[PDB]
Amino acid sequence: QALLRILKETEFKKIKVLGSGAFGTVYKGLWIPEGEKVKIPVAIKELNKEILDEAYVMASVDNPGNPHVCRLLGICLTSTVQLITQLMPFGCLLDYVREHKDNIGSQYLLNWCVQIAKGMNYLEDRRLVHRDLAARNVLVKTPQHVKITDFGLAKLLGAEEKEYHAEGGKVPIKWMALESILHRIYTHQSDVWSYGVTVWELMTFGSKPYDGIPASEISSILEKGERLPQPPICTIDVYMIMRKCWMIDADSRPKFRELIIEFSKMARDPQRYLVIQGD
Amino acid sequence: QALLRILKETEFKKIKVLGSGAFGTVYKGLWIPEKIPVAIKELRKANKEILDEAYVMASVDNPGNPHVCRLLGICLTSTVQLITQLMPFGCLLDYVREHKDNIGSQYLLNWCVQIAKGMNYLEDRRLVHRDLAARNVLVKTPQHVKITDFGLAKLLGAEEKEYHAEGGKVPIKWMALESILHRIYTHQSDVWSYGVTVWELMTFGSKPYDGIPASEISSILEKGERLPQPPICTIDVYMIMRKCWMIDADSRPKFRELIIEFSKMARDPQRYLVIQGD
Ligand SMILES: *CCC(=O)Nc1cc(Nc2ncc(C(=O)OC(C)C)c(-c3cn(C)c4ccccc34)n2)c(OC)cc1N(C)CCN(C)C
Ligand SMILES: *CCC(=O)Nc1cc(Nc2ncc(C(=O)OC(C)C)c(-c3cn(C)c4ccccc34)n2)c(OC)cc1N(C)CCN(C)C
């Protein structure tokens, strides 16, 4: 059962903004849980029922949870409902690879790939479809430990549902499976597609997929059989997995469970699968 | 609207290097169509950026403004070269260092008017410079200065109000707080930079936050510390700069207000700037 802890607005403080958009504002804050004497660094999101949906989804997958998925800590009931979450202090992986591009060994890159798969596999075990997997939404607790984040679009599938039919826009395209782009169908297999783009982002140390290409042409370009180029550091074995994730046939794409295994093999001998200058 | 002139590379030669770095190399040059002194930028991703810089310079060329360096055209060769007008006296950052002791307040405040006039034209043209600084203001005559270096400039779409960066590299000590924290950029973020630039002119070319590393500036600013009042500045002048450095972007002066204010001060230079020898 989904069980949301309600926090009092006197329990926690916003220290500073981390990011903002029309998705709302995310602050770093500190939280003293009532009846404890310690400060907990936390992230706080505020802007309406979308936020409650988000909270519900996060709490549905809380038990028994996974170390590679961000946990909801609770919610607060002000004018606007606020999401209180764990804080990943090193920021998103997108920005981390761009900033430390020249220090990132092959061990770390394949390690992140495994964790992301581990996290998404758990989500799938819990019948959750994320719908917004990307490197911007993989956050760094420590360089050695990353976590999937941003459940704003995430959906839970019922017992006899295999897909989710979406209604409307507000979806990032260059990360979307073709059948999501054309039919607004989303499944575990569509999240696999996104996982491919994500690994791509990591392997290019944070290049913008389909750069310069307008979003209006992507379904066209993908239908014609164009995909993201092989990253320089990637042996052909690595780039093959990515390519599998972008197959037209959803069921032909790898399953997160396989991805865990495959990347675990590679991470067990990283210099054999990625060629990075300085390893 | 925007037009790009392509010029015959064989019509000119690089006479000497004016300066260079990781941004590429600028030379003095001479264009002989069929003699015009010119300045020439080339480099060693980077190739796309120099075309972006050309596009942006071309996008604001008509009608242009006297206080904005115009793109004359591009040359093709192995790599794209940007041909600009040449400012024969160099950047203002240097000029106020090398003439510390012989600058009428009339000149100093005039330059602040012209800088603002150029920035306001850019703003009308929906361009955010992103790199305003004393180094990026060049002197054509003592009476004529121009904004330069569109290496980072960005245009806004008809219903965009801000530009969101990909991080990269940026001059932190000239940047608005919302640019350091959230890497947002607006005309009002340029107003911050203008503040710092005027600061550098008033201090005859001092290094802003000289000594502090760049990693610690956003803290100083968050706390509410700013650059010190310069010796030659009355309080009216310093108040102007300080308004540029306000946390609330929409509470900074607009370039149109800076033109008005500094023109007023220019009409009576000694009242606003105390300079020994005037
Ligand atoms: C890529 C930008 C980024 O993520 N930047 C960033 C992020 C964070 N930490 C953090 N920790 C948790 C959460 C989270 O799960 O928030 C829930 C929704 C309340 C977030 C976060 C989630 N979303 C959707 C965000 C959007 C924008 C910004 C953050 C989030 N973020 C920190 O913690 C210190 C810093 C940080 N930095 C410093 C900004 C850019 N650097 C990467 C350079
Ligand atoms: C402070 C450095 C400086 O600007 N020095 C300098 C500048 C110039 N003239 C000049 N004229 C035009 C341009 C220009 O618009 O170049 C475009 C991008 C092609 C430039 C110039 C532009 N950038 C970005 C530069 C970077 C470094 C150097 C110059 C530019 N510069 C001249 O022409 C006389 C001389 C000059 N001096 C010789 C260098 C130092 N003295 C001022 C002390």
Side-chain angles (χ1 to χ4, degrees), chain B residues 60 65-69 91-93 95-96 105 107-139 144-154 156 161-163 170-180 184-209 217 221 226-230 232-234 236-266 272-273:
Chain B
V60 301
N65 183 283
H67 310 288
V68 176
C69 187
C91 59
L92 220 28
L93 176 55
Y95 191 94
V96 291
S105 62
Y107 289 66
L108 264 165
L109 296 160
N110 274 328
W111 295 335
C112 296
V113 172
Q114 298 192 9
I115 301 166
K117 272 167 162 173
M119 283 306 307
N120 175 67
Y121 174 70
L122 290 182
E123 169 160 0
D124 286 339
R125 283 353 263 171
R126 308 191 58 87
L127 187 142
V128 184
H129 186 280
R130 290 178 69 242
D131 202 20
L132 186 55
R135 74 194 150 265
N136 287 333
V137 177
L138 276 45
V139 188
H144 193 162
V145 300
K146 301 199 181 228
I147 292 154
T148 198
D149 192 356
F150 294 76
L152 294 167
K154 303 285 157 161
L156 299 176
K161 293 177 189 152
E162 48 190 300
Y163 171 74
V170 271
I172 305 94
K173 289 190 192 184
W174 274 262
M175 281 156 81
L177 185 68
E178 78 264 17
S179 300
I180 301 163
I184 309 303
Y185 291 81
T186 61
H187 310 299
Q188 301 302 110
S189 68
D190 273 349
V191 167
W192 187 297
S193 296
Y194 180 89
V196 182
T197 305
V198 167
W199 189 90
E200 306 173 76
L201 295 177
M202 290 320 158
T203 61
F204 293 89
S206 297
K207 310 190 87 167
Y209 320 90
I217 302 282
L221 288 176
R226 298 303 184 265
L227 285 159
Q229 179 196 173
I232 53 108
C233 286
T234 62
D236 294 26
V237 174
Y238 179 59
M239 283 302 96
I240 306 264
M241 332 186 194
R242 279 302 293 269
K243 267 159 204 192
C244 296
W245 300 333
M246 278 191 69
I247 296 322
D248 177 6
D250 284 357
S251 305
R252 296 159 195 172
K254 317 262 153 187
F255 284 115
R256 193 205 186 137
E257 299 173 328
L258 291 164
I259 295 166
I260 297 159
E261 284 285 294
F262 270 103
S263 308
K264 172 216 308 172
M265 300 179 180
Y272 297 96
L273 291 186

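To find a chain, count down the sequence lines: A is the first, B the second, and so on, and within it residues start at 1.
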- Message: Checking B:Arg226 against B:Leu221 for the side-chain contact (heavy atoms from CB on, under 4.5 Å) test, could you report, in this order, the C-alpha distance in whole Å, the side-chain angles of both residues, the deciding distance, and whether it holds?
- Response: CA-CA 6 Å; B:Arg226 298 303 184 265; B:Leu221 288 176; 3.4 Å; yes
Closest contact, heavy atoms only, [X] versus [Y]:
{"X": "B:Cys69", "Y": "B:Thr148", "result": "CB-OG1, 4.0 Å"}
{"X": "B:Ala134", "Y": "B:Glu200", "result": "N-OE2, 2.8 Å"}
{"X": "B:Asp190", "Y": "B:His129", "result": "OD2-N, 2.8 Å"}
{"X": "B:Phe255", "Y": "B:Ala116", "result": "CB-O, 3.9 Å"}
{"X": "B:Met265", "Y": "B:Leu109", "result": "O-CD1, 3.4 Å"}
{"X": "B:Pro208", "Y": "B:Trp174", "result": "CG-CH2, 3.5 Å"}

How about [X] and [Y]: do any of their side-chain heavy atoms sit closer than 4.5 Å?
{"X": "B:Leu132", "Y": "B:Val137", "answer": "yes"}
{"X": "B:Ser193", "Y": "B:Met119", "answer": "no"}
{"X": "B:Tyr238", "Y": "B:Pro228", "answer": "no"}

For [Y], does its backbone N or O pair with a side-chain atom of [X] as donor and acceptor, under 3.5 Å?
{"X": "B:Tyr194", "Y": "B:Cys112", "answer": "yes"}
{"X": "B:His67", "Y": "B:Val145", "answer": "yes"}
{"X": "B:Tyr121", "Y": "B:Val60", "answer": "yes"}

Reported [atom1]-to-[atom2] distance for the pair [X] and [Y], which is rounded to 0.5 angstrom:
{"X": "B:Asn120", "Y": "B:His187", "atom1": "CG", "atom2": "NE2", "value": "10.0 Å"}
{"X": "B:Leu227", "Y": "B:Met202", "atom1": "CG", "atom2": "CE", "value": "13.5 Å"}
{"X": "B:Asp149", "Y": "B:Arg130", "atom1": "CG", "atom2": "CZ", "value": "11.5 Å"}
{"X": "B:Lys161", "Y": "B:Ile184", "atom1": "NZ", "atom2": "CD1", "value": "13.5 Å"}
{"X": "B:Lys154", "Y": "B:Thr186", "atom1": "NZ", "atom2": "OG1", "value": "15.0 Å"}
{"X": "B:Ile115", "Y": "B:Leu201", "atom1": "CD1", "atom2": "CG", "value": "5.0 Å"}

- Message: Using the side chain to side chain contact (heavy atoms under 4.5 Å, CB included) definition, which of the options B:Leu156, B:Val170, B:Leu152 pairs with B:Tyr185?
- Response: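 Of the listed options, the one satisfying the test is B:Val170.
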- Message: As a test of understanding, state which of B:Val96, B:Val139, B:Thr197 forms a side chain to side chain contact (heavy atoms under 4.5 Å, CB included) with B:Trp111.
- Response: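 Among the candidates, only B:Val96 passes.
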- Query: Can you check side-chain contact (heavy atoms from CB on, under 4.5 Å) on B:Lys254 and B:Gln188, steps first, answer last?
  - Reply: CA-CA 7 Å; B:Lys254 317 262 153 187; B:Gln188 301 302 110; 3.8 Å; yes
- Task: Can you establish whether the number of heavy atoms outside B:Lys173 located under 6.0 Å from its atom NZ is more than 12?
- Result: yes
- Step through the shown structure and confirm whether more than 12 heavy atoms of other residues, nucleotides or ligands are within 6.0 Å of OH on B:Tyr107.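 Incorrect, the count does not exceed 12.
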- Where does the angle between the aromatic ring planes of B:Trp192 and B:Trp245 fall among parallel (under 30°), tilted (30 to 60°) and perpendicular (over 60°)?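 Tilted: the ring planes of B:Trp192 and B:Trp245 meet at 30° to 60°.
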